[PDB]
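These notes are about the structure you will find just below.
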Amino acid sequence: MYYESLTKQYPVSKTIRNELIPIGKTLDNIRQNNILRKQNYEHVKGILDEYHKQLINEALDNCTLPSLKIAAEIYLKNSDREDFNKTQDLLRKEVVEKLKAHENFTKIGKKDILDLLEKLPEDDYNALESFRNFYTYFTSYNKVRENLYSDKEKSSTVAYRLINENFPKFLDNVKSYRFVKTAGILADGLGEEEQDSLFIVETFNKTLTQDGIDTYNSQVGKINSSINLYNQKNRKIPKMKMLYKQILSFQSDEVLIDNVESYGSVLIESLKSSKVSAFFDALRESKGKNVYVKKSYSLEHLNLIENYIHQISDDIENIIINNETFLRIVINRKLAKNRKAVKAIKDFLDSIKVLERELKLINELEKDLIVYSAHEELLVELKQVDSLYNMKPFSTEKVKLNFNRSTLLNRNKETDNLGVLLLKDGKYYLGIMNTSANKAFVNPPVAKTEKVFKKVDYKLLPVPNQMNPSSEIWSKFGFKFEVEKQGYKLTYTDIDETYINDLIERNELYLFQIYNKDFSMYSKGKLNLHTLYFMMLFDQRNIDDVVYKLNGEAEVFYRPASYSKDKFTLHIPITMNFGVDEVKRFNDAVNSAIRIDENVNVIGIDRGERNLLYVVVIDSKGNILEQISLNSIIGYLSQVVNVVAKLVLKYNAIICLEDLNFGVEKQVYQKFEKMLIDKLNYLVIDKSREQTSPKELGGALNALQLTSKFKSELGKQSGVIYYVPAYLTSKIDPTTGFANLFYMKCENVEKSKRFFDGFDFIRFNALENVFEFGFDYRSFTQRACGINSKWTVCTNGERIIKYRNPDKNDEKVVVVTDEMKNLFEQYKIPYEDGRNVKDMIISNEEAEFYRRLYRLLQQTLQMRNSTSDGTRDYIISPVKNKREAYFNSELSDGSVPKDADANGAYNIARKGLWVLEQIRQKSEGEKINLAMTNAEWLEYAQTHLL
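So the sequence shown is numbered by the working numbering: it starts at 3 and just counts up by one.
Right under this line is the structure:
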């Protein structure tokens, strides 16, 4: 009963360690990227690239696309928008079959391309040769290059480049040429004329190759030169737009800085050029007519134009941060090593990117010819900015993860990558993104197959001061009936398994299965606690009322192979009893729970000589309920701990341990403490796999917390655990309260004579065959040796003695009465009639007599008797108890201590009763003194006896 209030007392943090199993081609991606050592990998990629360019141009050289006429109508005529999108998809198809109809296409991606298709069209040959038998390295490369030959409306495909990008440009030039055929701009250099041939729809078929695009752009530049010349008439003529290239477009730290410095220099000059003013004042003079903005809407309703050009500010920040590139070329060992440089370069390219992103905000078929030509000239300067180099996951010994909208992107040897958690088929997986794919899960495509993952959405609202008088006057989950302790929730999103695969194949995602002995299709037995804590994160019963919070951070550690195993392990910090208010005065909270209850029992745990630990449970009046041992096994300290925890539940009990105050056996004891206090911080009993009723007492979501957070700052109490002096716990007859308090030494005869003159009598009991030594301890010491100091001590029984052996071990069994005879007989003392022989003993003059009398008395007083080999460790008293018997542990029936170690544990438990008397007898809240004096124990031992 008393402990059932001690749930949800304080929050606790754990880090959970689990192994990781690589899934799919993740381990290959990792191993492959451990290239180093330079190697021709990039050289062979370049060779594969140029045959891609060749095959592409050759498949499209003398090509002619049928639907081209259909589409060109829709666009040039007088919804047309959807018919164009449709006929564009038809065209994207028509490009792809022409690409797939080329010879050698079915050897794209297949290893079979290594042979003739590369050894024939050398430095290059040795580079190719070097990747025979190593073809899998281009797996990721192939998955990326696959998108060239796709009819899907994606920006990376050959069909999209030609049909969705270039073809509308080509047609828009056809629309512009009306003004150039008019006004007689017969272009300079177009000798003998017939430039009109460029703006017949059919001429586009000749621009499906890079070499036809070059030719088209070159001549159209000549026209634009004459167009720009036509500005002199003082209305204005739209310039022609250039077509983008066929899709053909980081060796060291020395080379890259010149590229950065160079492009930045070209760019800011281009951004200070007339290109920008021409775009702005064309965009202003368009009055917004036929200008469309991001899936789109037209500016014809307005105000906004001049709110838009004032992103001039993107030019100002490019300029500033280009100047800030003085940290690169003025102030600069490798570049990636530099705190500022890496940041200044990223700040620079980012600022460019936002300019491009801002530009791309514009763009339908009827769009304004002049505005969009100026926009295109300016944008051609920026579309070079796909710089997209790196400075790398599993290069390092660890990767740090974040599960949240919070990743820093720099400490440059410890930057956060995204972690995602994915559930499928009752298993748990960990995905960790390559930084270039961090946004793959921001808006994932809607799931369509049956084979899906459930991705964990990590919803956290930190520090609510995020966002109308001052401080004295809804897409989030916030639940209906400051929010800090409700501002966390996990929710789920179905994601199609093929999308996850695509990222792995592309080397953009590193997916692992989270594994422990309990996460297997072959798993058996109860759950390990850390498996349980982990499961409870995702268990809906916790999401409904949070006990377990996932701290957003996590770390992965990688030991690479060296035909040993590639080992990955995961550490996940978590908080348990998240959002509870920490109980201030926990020890009193327990002391007041005990104060209320009569029925409390005690568990005493002691260090033993033959048992490392001995546990003894006793009731409130002193009776032994259970006395159980180490070596009694029917990771060892974990078992005792798990046992002792059950006993606290089973017996409604507190725990009493030795106070290691003034003082190897005592090292495991301190380990046991630590483990025992650790355990009782947060105790969970129900370790079942099915986990049916975890909200009950001691279930996962209602753990008990019976002890205070371990810190070394500890006094004599830690919750239900109390510490008591070890004084005379093992060397005391529990049935009498008797202990050997004689401070003895055979110093000399004078001081031996009136040591033995302190006894009331020394006599023989012929009937019981023992010698009796009667005395009062007061006659021997000034100490307060309990409330009974009168005793009669008898040469009762056998004793085990270590003894002086010329051969240096031995031990023997002695019967003190018969030796006490042999000595008295040797020295002619008349004992047999039962007189008091005291006056006759102290009359002996020889010291040898007293040496041997001391030894016999000492041996009589030797209550604990042991064997070097554990064969025996028992306690025998030399005093008769309430049962007219001499206490002997070997004759125990379980109602008394079985051995000396048990006696220690028993008498430690008894002192707990004394503290229970202290706790109950004090007031609510007052400090409780637990310093038990040696005199109090002897008093308690001699009165609460048996």
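The beta-carbon is built from N, C-alpha and C at its ideal position, and this holds for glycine as well.
Which residues in the same chain have their Cβ closer than 8 Å to the Cβ of residue i, if we skip the five residues on either side of it in sequence?
{"i": "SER472", "result": "none"}
{"i": "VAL815", "result": "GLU800, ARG801, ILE802, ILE803"}
{"i": "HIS104", "result": "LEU57, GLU60, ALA61"}
{"i": "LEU685", "result": "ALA647, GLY700, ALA705, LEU706, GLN707, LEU708"}
{"i": "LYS697", "result": "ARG543, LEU703, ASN704"}
Do residue j and residue i have their beta-carbon atoms positioned less than 9 Å apart in this structure?
{"i": "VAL751", "j": "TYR852", "result": "yes"}
{"i": "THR327", "j": "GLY266", "result": "yes"}
{"i": "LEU513", "j": "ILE25", "result": "yes"}
{"i": "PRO727", "j": "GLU675", "result": "no"}
{"i": "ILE225", "j": "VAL176", "result": "no"}
{"i": "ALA655", "j": "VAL618", "result": "no"}
{"i": "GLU611", "j": "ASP875", "result": "yes"}
{"i": "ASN168", "j": "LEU245", "result": "yes"}
{"i": "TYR560", "j": "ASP547", "result": "no"}
{"i": "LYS689", "j": "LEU529", "result": "yes"}
Residue i: buried (16+ other C-beta within 10 angstroms of its C-beta) or exposed?
{"i": "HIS377", "result": "buried"}
{"i": "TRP476", "result": "exposed"}
{"i": "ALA338", "result": "exposed"}
{"i": "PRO808", "result": "exposed"}
{"i": "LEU615", "result": "buried"}
{"i": "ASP283", "result": "exposed"}
{"i": "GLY788", "result": "buried"}
{"i": "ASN824", "result": "exposed"}
{"i": "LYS145", "result": "buried"}
{"i": "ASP370", "result": "buried"}
{"i": "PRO464", "result": "exposed"}
{"i": "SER897", "result": "exposed"}
{"i": "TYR391", "result": "exposed"}
{"i": "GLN197", "result": "buried"}
Just reading off the beta strand (DSSP E) that residue i is part of, what are its end residues?
{"i": "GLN629", "result": "626–631"}
{"i": "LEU572", "result": "569–578"}
{"i": "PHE763", "result": "763–767"}
{"i": "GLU886", "result": "Segment: none, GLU886 is in no beta strand (DSSP E) and carries neither H nor E."}
{"i": "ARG801", "result": "800–804"}
With a threshold of 6 Å on Cβ separation, who are the neighbours of residue i within its own chain once the five nearest residues in sequence on each side are excluded?
{"i": "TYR494", "result": "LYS456"}
{"i": "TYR638", "result": "none"}
{"i": "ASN149", "result": "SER158, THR159"}
{"i": "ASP153", "result": "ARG94, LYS95, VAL98, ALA161"}
{"i": "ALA849", "result": "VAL751"}
{"i": "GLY191", "result": "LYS224"}
Which same chain residues, not among the five before or five after residue i, have their C-beta less than 7 Å away from its C-beta?
{"i": "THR862", "result": "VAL795, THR797, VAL818, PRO880"}
{"i": "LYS900", "result": "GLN629, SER891, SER894"}
{"i": "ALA73", "result": "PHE86, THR89, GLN90, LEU93"}
{"i": "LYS208", "result": "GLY214"}
{"i": "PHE826", "result": "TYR833"}
{"i": "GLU360", "result": "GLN313, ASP316"}
{"i": "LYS156", "result": "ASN149, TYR162"}
Using DSSP's beta-bridge definition, name the partner residues of residue i.
{"i": "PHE777", "result": "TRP793"}
{"i": "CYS658", "result": "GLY606, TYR724"}
{"i": "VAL454", "result": "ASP498"}
{"i": "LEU492", "result": "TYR460"}
{"i": "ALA556", "result": "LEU403"}
{"i": "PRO24", "result": "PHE514"}
{"i": "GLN719", "result": "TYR724"}
{"i": "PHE740", "result": "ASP735"}
{"i": "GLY433", "result": "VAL422, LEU513"}
{"i": "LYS526", "result": "For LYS526, which the question treats as bridged, DSSP gives no partner whatsoever."}
{"i": "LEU615", "result": "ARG609"}
{"i": "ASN87", "result": "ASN87 is not bridged to any residue."}
{"i": "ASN166", "result": "DSSP, once it has assigned bridges, lists no residue as partnering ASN166."}
{"i": "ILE307", "result": "Paired residue(s): none; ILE307 is not in a bridge."}
Between which two residues does the alpha helix (DSSP H) harbouring residue i extend?
{"i": "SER879", "result": "Where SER879 is concerned, there is no enclosing alpha helix (DSSP H), although the beta strand (DSSP E) it sits in stretches over 875–882."}
{"i": "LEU173", "result": "169–183"}
{"i": "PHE281", "result": "276–287"}
{"i": "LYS348", "result": "341–361"}
Any heavy atom of the ligand SAM closer than 8 Å to the CB of residue i?
{"i": "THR437", "result": "Of the ligands one can find in the structure shown there are none, so the ligand SAM has no counterpart to examine."}
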